[PDB]
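Consider the single chain below, provided in structure tokens and representing the form deposited in one PDB entry.
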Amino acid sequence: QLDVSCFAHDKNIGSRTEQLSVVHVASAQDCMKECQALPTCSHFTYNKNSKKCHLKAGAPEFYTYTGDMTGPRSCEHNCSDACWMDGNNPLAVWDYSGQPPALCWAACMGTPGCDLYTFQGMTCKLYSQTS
């Protein structure tokens, strides 16, 4: 089935975001499938007890409610460092271990076309904005 392992099932995590719709289904995987059938579903809350799947467009608004679990449209969106929705290849990728952020800022200043940088871990990466 669809992968539902990236979010907790047993921590009563709900989202209050306004619903696109609500449907009874027997599993988190079915809830995700219903999310994926709607072009604007970002996430869903599935309740184990009520068997209600609540599909949502907006950003999550987490809260506690018994038997809730909140998943993403797909667990495959696993980027965490610099994540462009439409994709974006870096101008440059350099090792700046032992360097302050301000030197990665300098690398960007000094690179024609650089609009922004990210500096997670040891990696100074330079980006141009999406065309």
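Basically, rigid core = biggest C-alpha set you can superpose within 1.5 Å across the two forms. Only residues modelled in both forms are compared. For every residue, the number given is its place in the sequence shown, counted from 1.
One more form of this protein, deposited in another entry, exists but is not displayed; see below.
Core-superposed comparison between the shown form and the other one: among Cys75, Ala57, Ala37, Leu103, the single residue whose C-alpha moves by 2 Å or more is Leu103.
Put the two forms on the same core and the Cα of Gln120 is off by 2 Å or more between the shown form and the other one. Annotation: Cα of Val93 displaced by at least 2 Å between the shown form and the other one, core superposition. Core-superposed difference between the shown form and the other one: segments of three or more residues with every CA shifted 2 Å or more are 93 to 106, 118 to 124.
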